[PDB]
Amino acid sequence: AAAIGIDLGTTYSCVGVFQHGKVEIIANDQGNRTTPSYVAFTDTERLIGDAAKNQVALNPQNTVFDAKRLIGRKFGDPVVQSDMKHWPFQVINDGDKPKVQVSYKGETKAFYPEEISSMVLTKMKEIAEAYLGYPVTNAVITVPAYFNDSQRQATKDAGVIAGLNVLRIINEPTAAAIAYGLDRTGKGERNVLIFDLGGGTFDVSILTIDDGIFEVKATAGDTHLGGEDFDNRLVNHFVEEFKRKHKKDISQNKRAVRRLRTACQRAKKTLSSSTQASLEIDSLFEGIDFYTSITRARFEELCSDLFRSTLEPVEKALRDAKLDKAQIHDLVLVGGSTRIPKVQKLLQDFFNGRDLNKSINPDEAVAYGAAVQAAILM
């Protein structure tokens, strides 16, 4: 039986398996090759993944997301106390550990972060089992390089709770490097830069690889910079467009804003491969249809400062590693947001025209590498 590799993301998770000489990134029941790290509780059922995120009658208080921001932290951790202010779900204190509190089947319940993340991992396990046609019992799971012992432990515990023997916890950037076969180099140092822009976070990592041994030389980035921030620029843009056109403010109608935000995420993805996108929402506010469009160039303007801000952390990482641009051997794109053409241009220009490694869907590279390493360890 094959073991699986799982990228347990802040916003999207991905599962792959190595068999018959090659990695298969496994699509879920809706055909999506990555799955939202969402769990929802209703009066009748628990929903995970696409079903949780896509609720037609979504209940903000009982739909949990961002558990990765809590996992392995103390309740009194200032990161937790800050993050709590912007979530619609309740976080409580159980002996200086955080728990997320919800209503389920009519009663108030609370769950540790590693419990919420185990539900996401169970979904990923099941996605794999459907494809393989047998039970999966071993996995490699990835984490950010900056994770500490407590965060790594809680992640491993989420795996155990989901019925997985965790062969190893490995760093996300190391997994992306493995996906591209960069661990296979002989003796002699090669410097690799991983540029990772996901849904919620931005991670720059510089790795030295020598005869298959990885050293983390430098890390930089921003834990509150990702695709969702580009979403929010589009939402604010269209809220102003609706005001102009209909003389109505929709900003305080939570439902209209969620429905607009979903459509902005869909348009954004489309703008990575087309130069314009149409956005059409039936009865968005007080029965008014909102049918409009957005160009790639306009989307770029709306986000220009955010896109540009990704480069100073690259500069910083290089200084910390005591390396010049020219001394990086390989540049690897990771994270869904690096599909954005403008982001690719900025990083390529900064590196004076160097090739980017982008042949593996960037939001799949970490799971791909995890799957490769899981097979080695078996």
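Residue numbers run from 1 along the displayed sequence.
Participant: Looking at the deposited entry, does 126-134 or 157-165 carry the larger mean Cα B-factor?
Facilitator: Here the higher of the two C-alpha B-factor means belongs to 126-134.
Participant: Going by the average Cα B-factor in the PDB entry, point out whether 334-342 or 347-355 comes out higher.
Facilitator: Stretch with the higher mean C-alpha B-factor: 347-355.
Participant: Using only the C-alpha B-factors in the record, can you name which of 172, 196, 114, 183 has the highest?
Facilitator: Out of 172, 196, 114, 183, the record gives the largest C-alpha B-factor to 183.
Participant: Comparing recorded Cα B-factors across 269, 296, 99, 246, which one is largest?
Facilitator: The listed residue with the largest C-alpha B-factor is 246.
Participant: In terms of the CA temperature factor given in the entry, to which third of its chain does residue 32 belong: lowest, middle or highest?
Facilitator: Middle third, going by the recorded CA B-factors of the chain.
Participant: If you rank the chain by CA B-factor, which third does residue 8 end up in: lowest, middle or highest?
Facilitator: Ranked within chain, residue 8 CA B lands in the lowest tercile.
Participant: Ranking every modelled residue in this chain by its Cα temperature factor as given in the entry, which third contains residue 303?
Facilitator: It falls in the bottom third of the chain.
Participant: Lowest, middle or highest third: where is residue 372 by C-alpha B factor in its chain?
Facilitator: Its C-alpha B-factor, which the entry lists for residue 372, ranks in the middle third among residues of this chain.
Participant: Ordered by C-alpha B-factor within the chain, which third holds residue 75? Give me lowest, middle or highest, please.
Facilitator: Residue 75: CA B-factor falls in the middle third of its chain.
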